[PDB]
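Worksheet: the structure to be examined is printed underneath.
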Amino acid sequence: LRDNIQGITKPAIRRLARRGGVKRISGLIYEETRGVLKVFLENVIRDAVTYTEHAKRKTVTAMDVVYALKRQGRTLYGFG
Amino acid sequence: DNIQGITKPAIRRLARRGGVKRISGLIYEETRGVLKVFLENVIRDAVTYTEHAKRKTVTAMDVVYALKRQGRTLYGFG
Amino acid sequence: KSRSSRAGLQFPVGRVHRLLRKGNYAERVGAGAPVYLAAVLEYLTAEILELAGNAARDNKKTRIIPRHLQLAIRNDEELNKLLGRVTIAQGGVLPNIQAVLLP
Amino acid sequence: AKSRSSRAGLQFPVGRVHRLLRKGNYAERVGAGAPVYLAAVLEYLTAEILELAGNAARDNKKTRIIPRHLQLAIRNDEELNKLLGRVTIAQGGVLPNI
Amino acid sequence: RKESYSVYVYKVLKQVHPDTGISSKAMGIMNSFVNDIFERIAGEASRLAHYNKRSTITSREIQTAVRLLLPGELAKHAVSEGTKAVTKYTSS
Amino acid sequence: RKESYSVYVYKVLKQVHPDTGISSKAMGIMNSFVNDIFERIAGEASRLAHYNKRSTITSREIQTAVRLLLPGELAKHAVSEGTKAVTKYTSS
Amino acid sequence: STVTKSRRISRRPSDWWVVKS
Amino acid sequence: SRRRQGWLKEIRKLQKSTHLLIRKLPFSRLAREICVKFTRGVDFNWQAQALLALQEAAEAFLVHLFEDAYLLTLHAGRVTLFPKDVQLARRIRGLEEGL
Amino acid sequence: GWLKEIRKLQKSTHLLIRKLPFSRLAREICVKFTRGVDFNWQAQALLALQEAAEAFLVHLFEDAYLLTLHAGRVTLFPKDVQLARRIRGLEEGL
DNA sequence: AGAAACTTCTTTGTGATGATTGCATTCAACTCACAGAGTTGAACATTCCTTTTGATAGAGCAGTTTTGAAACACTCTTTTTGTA
DNA sequence: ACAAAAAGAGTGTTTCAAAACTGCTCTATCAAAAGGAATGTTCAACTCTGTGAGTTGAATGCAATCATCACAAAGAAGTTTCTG
């Protein structure tokens, strides 16, 4: 709580928004975006480790992440 | 005039079931266009299924399969 | 001596086994897989039917109809998320009006 | 001494596509022309993507195709973009908008 | 000649609401639902077996598929029911 | 040992752009793309055969699946290419 | 709230688009 | 006044009924017109259930789209649904969900 | 200034969040999701997870901005982000 | 699935360091309320026309059954292709 | 030169196409009928614009700090083979 979610800094979130094309950003957007990123990661990581422990492994492989995303409807290409 | 078959009061009833209070006047042409676009996508796949079977009638299951492949599962007609 | 009775289920374990074998899912099907799957399916239908029966009772009716199925599904967040991209024929919508409407 | 790919006039492995079809348990039985048709389609789609990617590398004044060029090629063709609508190209970036 | 889960859905309905009936359209919807969920779970279990280079769909794939498909609280009770059933079944 | 489509992607790249190289990561993306499209088409053909109570995936299912999955002109040209290939293949 | 035969609280889908704190 | 809340009665009544809101014959005429526009040769027949399922799906789609577009309406501080609202709702839903 | 920043960012492709903070966040989420058994993470797994998260966030910001413009503003608000998630519809927006 | 041998890839730790973040101001650039001007969509009364419903052929086509010829699975061989 | 996958032949099986047949259900028609859609008007209710008041985010410039890069070592975990 002290950190690890504050590691997603305001300049990073601002860079993300600028690449998205946002010209001007409010101040509550940072906490909103940290929350959105957290809920996104919780969904993917849960499925990834589900795959990883269905295989009797202890290392989360890139393919586990790829399968988690694919089952959630987002196909990732650069890691096959 | 089959697209004009969708009448202003029918579109209004659709919007009211959707919960809309006030409806612009151009919404009617917009909705006719949107409905036509939706129908073109489903009917294309439905007749594709119907042609793959060696049939000449379109079936409830053909429509259901078209909708499922487009990501809209329909339950009442299986 | 049926597998469904042996497992304590109302759903057909043998039929599920045959469907698994004939559905091109894998070359071989374990013995407990149809049991597990039938149990899961029975539990899910029990949940849905319970909520739908409650919805029908709250409408002073004794027959479940697609409207009651829709009301049961769209009012449980778990089932609403499971059946997110599902359309129920003759189900209508939830009676939801925006707050800025009602004066 | 003639490969089925050569007989079809393709660069994609008809034998490998056939083996994948047979082992993926898609059906209990696979026709003879199915892997031919499928490899032809895969090769055509690969060609269509690689052509636009090479054009993007060209007018981008580069010489080697990188993920950025694949992304630019895909998001600039409407049909390819509709096909790969839910696909994320790693290290692909976005398209310049306002 | 056309198999349907109507009799089993009706048994479950009698268990859960012993004096409620179900319309024919509602029964058709229940049949569509069961088929849909069956197909989802079986397809996911198939994909799992294929990922792990296995050729058998066991009760372990069904459990993992249930964990992937169903939202959290649903999945908890689903795997409870499933493990309970397989224990009661192997105990005979 | 490990199968891929890197050699064939490189061949078709030499055909279409005989003077342009491809990055190692772009080649991985192309492999992912080929696998993705193969899986889509094969699964659609599988469920087509299952719908029509057939037990074999013929070149006719591949054609219909291509018609279902690709947008308009993409599908037109893909069907043309596939039919041309199977004709040239049987004419031997 | 609302509990089924199993100890599964079937909460209604109130709101999910808003982040929590 | 003329009618205090005439629209509100209509909304509250429609949101508890389940019947289709478009007429069967106009809908089927439109659907068959589109179908023949797709088939160069001889038209297909249509099961009554096929046309019924098509209409159910289409109406559910349109109702959900109106619900989504009215949120953009209220977002802009209005109460009148504009075509730009529907267009934006389609654009945000994406290529699949928004055609 | 913001204009040249946007134009510079929209032609680049590198990741915008720092790898080590992202890794710490992902790992603590994983340990919250664990069942008493810790996991390791391939270096490629975290890169894959971060490539997807950033693409998701960029696309979400694009959608949210369209809502800001619809409302007649040029400043992005949390209500514009929340509404874009609601319209995307419980799987694409989540 | 389990056991044994091998390897390889993740974790942990150290040190520099310079790029990046954080903190404080401010004020120009934005958001917000609102009052008036201008526009328009809901309500309403009347007509009539289009949809609905019930037959009614009637026939075209879907569904079932059989035969069988083609085509595919299986298996052993040869051979060509990607390492050595 | 050698192993591994893929062509090649031949045989057995099986399965999908063709033909015939039956009935069922889709289409086209019709005939009222009446209920809902179309039309026109209006004005209350809405949207748009412009202004001014109130707020706040980007730009700026510094110090602090920590992400990264490299490097090494260890050993935990993943991989391969084999057997019953």
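Labels used: A, B, ... for chains in the order of the structure tokens, numbers from 1 for residues in each chain, and numbers from 1 for ligands as shown.
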Residue neighbourhood residue 9 in chain K, 12 Å, only C-alpha atoms (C1' of nucleotides), exclusion window fewer than 6 positions, as a PyMOL selection string: chain J and resi 75-78
Serialized selection, N, CA, C and O atoms (P, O5', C5', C4', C3', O3' and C1' of nucleotides), as an mmCIF file, in the first residue's frame:
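What follows is the written file part_25.cif:
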data_model
loop_
_atom_site.group_PDB
_atom_site.id
_atom_site.type_symbol
_atom_site.label_atom_id
_atom_site.label_comp_id
_atom_site.auth_asym_id
_atom_site.auth_seq_id
_atom_site.Cartn_x
_atom_site.Cartn_y
_atom_site.Cartn_z
ATOM 1 P P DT J 75 -2.130 -49.185 -38.083
ATOM 2 O "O5'" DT J 75 -1.115 -49.818 -39.136
ATOM 3 C "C5'" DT J 75 -1.584 -50.787 -40.059
ATOM 4 C "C4'" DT J 75 -0.482 -51.199 -41.013
ATOM 5 C "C3'" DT J 75 0.932 -50.894 -40.526
ATOM 6 O "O3'" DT J 75 1.804 -51.910 -40.965
ATOM 7 C "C1'" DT J 75 0.562 -49.794 -42.558
ATOM 8 P P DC J 76 3.193 -52.180 -40.211
ATOM 9 O "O5'" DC J 76 4.224 -52.371 -41.412
ATOM 10 C "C5'" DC J 76 3.878 -53.207 -42.503
ATOM 11 C "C4'" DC J 76 4.723 -52.885 -43.719
ATOM 12 C "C3'" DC J 76 6.167 -52.490 -43.414
ATOM 13 O "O3'" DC J 76 7.034 -53.099 -44.360
ATOM 14 C "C1'" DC J 76 5.089 -50.751 -44.619
ATOM 15 P P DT J 77 8.610 -52.794 -44.357
ATOM 16 O "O5'" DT J 77 8.796 -51.833 -45.617
ATOM 17 C "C5'" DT J 77 8.151 -52.155 -46.842
ATOM 18 C "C4'" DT J 77 8.555 -51.186 -47.932
ATOM 19 C "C3'" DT J 77 9.980 -50.655 -47.811
ATOM 20 O "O3'" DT J 77 10.611 -50.659 -49.083
ATOM 21 C "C1'" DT J 77 8.437 -48.845 -47.822
ATOM 22 P P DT J 78 12.082 -50.039 -49.259
ATOM 23 O "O5'" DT J 78 11.796 -48.538 -49.711
ATOM 24 C "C5'" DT J 78 10.757 -48.277 -50.637
ATOM 25 C "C4'" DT J 78 10.980 -46.959 -51.352
ATOM 26 C "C3'" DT J 78 12.434 -46.541 -51.501
ATOM 27 O "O3'" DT J 78 12.600 -45.844 -52.729
ATOM 28 C "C1'" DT J 78 11.288 -45.044 -50.025
#
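The shell of residues at most 7 Å from range 46-48 of chain B, with only C-alpha atoms (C1' of nucleotides) counted and near chain neighbours (fewer than 6 positions) removed, consists of residues 58, 62, 63 and 66 of chain B.
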Chain B contacts to chain J at 12 Å (only C-alpha atoms (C1' of nucleotides)) as a ChimeraX atom specification: /B:5,7,12,21-27,53-59
With N, CA, C and O atoms retained, could you export that selection as an mmCIF file, in the first residue's frame?
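What landed in again-v9.cif:
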data_model
loop_
_atom_site.group_PDB
_atom_site.id
_atom_site.type_symbol
_atom_site.label_atom_id
_atom_site.label_comp_id
_atom_site.auth_asym_id
_atom_site.auth_seq_id
_atom_site.Cartn_x
_atom_site.Cartn_y
_atom_site.Cartn_z
ATOM 1 N N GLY B 5 -40.473 0.470 -43.646
ATOM 2 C CA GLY B 5 -41.466 -0.344 -42.920
ATOM 3 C C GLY B 5 -41.302 -0.132 -41.430
ATOM 4 O O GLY B 5 -42.329 -0.118 -40.729
ATOM 5 N N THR B 7 -41.502 1.888 -38.548
ATOM 6 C CA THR B 7 -42.185 3.159 -38.451
ATOM 7 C C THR B 7 -41.663 3.987 -37.288
ATOM 8 O O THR B 7 -41.067 3.480 -36.334
ATOM 9 N N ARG B 12 -39.819 4.692 -31.753
ATOM 10 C CA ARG B 12 -40.048 5.381 -30.492
ATOM 11 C C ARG B 12 -40.278 4.394 -29.365
ATOM 12 O O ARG B 12 -39.789 4.590 -28.251
ATOM 13 N N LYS B 21 -36.129 9.415 -22.807
ATOM 14 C CA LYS B 21 -37.242 10.320 -22.556
ATOM 15 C C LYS B 21 -37.599 11.132 -23.788
ATOM 16 O O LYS B 21 -38.756 11.154 -24.207
ATOM 17 N N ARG B 22 -36.620 11.794 -24.381
ATOM 18 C CA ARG B 22 -36.837 12.672 -25.514
ATOM 19 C C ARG B 22 -35.973 12.206 -26.671
ATOM 20 O O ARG B 22 -34.811 11.854 -26.480
ATOM 21 N N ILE B 23 -36.535 12.208 -27.869
ATOM 22 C CA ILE B 23 -35.889 11.633 -29.038
ATOM 23 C C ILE B 23 -35.828 12.677 -30.132
ATOM 24 O O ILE B 23 -36.852 13.253 -30.500
ATOM 25 N N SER B 24 -34.641 12.889 -30.682
ATOM 26 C CA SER B 24 -34.497 13.819 -31.785
ATOM 27 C C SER B 24 -35.258 13.313 -33.004
ATOM 28 O O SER B 24 -35.853 12.238 -32.998
ATOM 29 N N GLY B 25 -35.242 14.101 -34.066
ATOM 30 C CA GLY B 25 -35.967 13.741 -35.262
ATOM 31 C C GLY B 25 -35.143 12.925 -36.229
ATOM 32 O O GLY B 25 -35.686 12.128 -36.998
ATOM 33 N N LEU B 26 -33.829 13.118 -36.208
ATOM 34 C CA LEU B 26 -32.936 12.361 -37.070
ATOM 35 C C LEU B 26 -32.648 10.970 -36.532
ATOM 36 O O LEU B 26 -32.080 10.137 -37.255
ATOM 37 N N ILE B 27 -33.037 10.706 -35.289
ATOM 38 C CA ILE B 27 -32.830 9.397 -34.699
ATOM 39 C C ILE B 27 -33.509 8.326 -35.526
ATOM 40 O O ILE B 27 -33.051 7.186 -35.568
ATOM 41 N N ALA B 53 -24.987 -26.153 -45.751
ATOM 42 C CA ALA B 53 -25.972 -27.196 -45.926
ATOM 43 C C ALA B 53 -26.558 -27.047 -47.318
ATOM 44 O O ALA B 53 -26.570 -25.965 -47.891
ATOM 45 N N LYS B 54 -27.004 -28.140 -47.904
ATOM 46 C CA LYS B 54 -27.528 -28.014 -49.258
ATOM 47 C C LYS B 54 -29.024 -27.720 -49.211
ATOM 48 O O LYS B 54 -29.856 -28.444 -49.746
ATOM 49 N N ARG B 55 -29.351 -26.615 -48.554
ATOM 50 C CA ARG B 55 -30.730 -26.254 -48.290
ATOM 51 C C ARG B 55 -31.074 -24.969 -49.014
ATOM 52 O O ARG B 55 -30.203 -24.239 -49.479
ATOM 53 N N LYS B 56 -32.372 -24.714 -49.115
ATOM 54 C CA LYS B 56 -32.876 -23.485 -49.698
ATOM 55 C C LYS B 56 -33.742 -22.700 -48.739
ATOM 56 O O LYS B 56 -34.214 -21.621 -49.099
ATOM 57 N N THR B 57 -33.974 -23.204 -47.539
ATOM 58 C CA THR B 57 -34.703 -22.471 -46.526
ATOM 59 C C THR B 57 -33.752 -22.084 -45.403
ATOM 60 O O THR B 57 -32.833 -22.830 -45.061
ATOM 61 N N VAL B 58 -33.947 -20.902 -44.870
ATOM 62 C CA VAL B 58 -33.149 -20.427 -43.754
ATOM 63 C C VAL B 58 -33.820 -20.863 -42.468
ATOM 64 O O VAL B 58 -35.033 -20.741 -42.312
ATOM 65 N N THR B 59 -33.028 -21.372 -41.539
ATOM 66 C CA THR B 59 -33.539 -22.021 -40.351
ATOM 67 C C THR B 59 -33.234 -21.198 -39.110
ATOM 68 O O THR B 59 -32.296 -20.392 -39.080
#
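The closest residue to chain I, picked from K:15, K:41, K:83, K:68 and counting only C-alpha atoms (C1' of nucleotides), is K:68.
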DSSP strand (DSSP E or B) residues within chain I, as a ChimeraX atom specification: /I:40-41,75-76
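In this structure, the chain I residues at most 8 Å away from chain J are residues 40, 41, 42 and 73 of chain I, with only C-alpha atoms (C1' of nucleotides) considered.
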Residue selection dump (N, CA and C atoms) as a PDB file, in the first residue's frame:
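Written file, part30.pdb:
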ATOM      1  N   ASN I  40       7.262 -18.055  -9.449  1.00  0.00           N
ATOM      2  CA  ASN I  40       8.266 -17.264 -10.137  1.00  0.00           C
ATOM      3  C   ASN I  40       7.680 -16.744 -11.433  1.00  0.00           C
ATOM      4  N   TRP I  41       8.389 -15.813 -12.048  1.00  0.00           N
ATOM      5  CA  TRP I  41       7.916 -15.164 -13.257  1.00  0.00           C
ATOM      6  C   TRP I  41       9.039 -15.126 -14.269  1.00  0.00           C
ATOM      7  N   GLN I  42       8.829 -15.747 -15.419  1.00  0.00           N
ATOM      8  CA  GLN I  42       9.773 -15.559 -16.500  1.00  0.00           C
ATOM      9  C   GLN I  42       9.861 -14.085 -16.847  1.00  0.00           C
ATOM     10  N   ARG I  73     -15.612  19.344 -23.445  1.00  0.00           N
ATOM     11  CA  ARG I  73     -14.446  19.667 -22.661  1.00  0.00           C
ATOM     12  C   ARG I  73     -13.196  19.183 -23.340  1.00  0.00           C
TER      13      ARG I  73
END
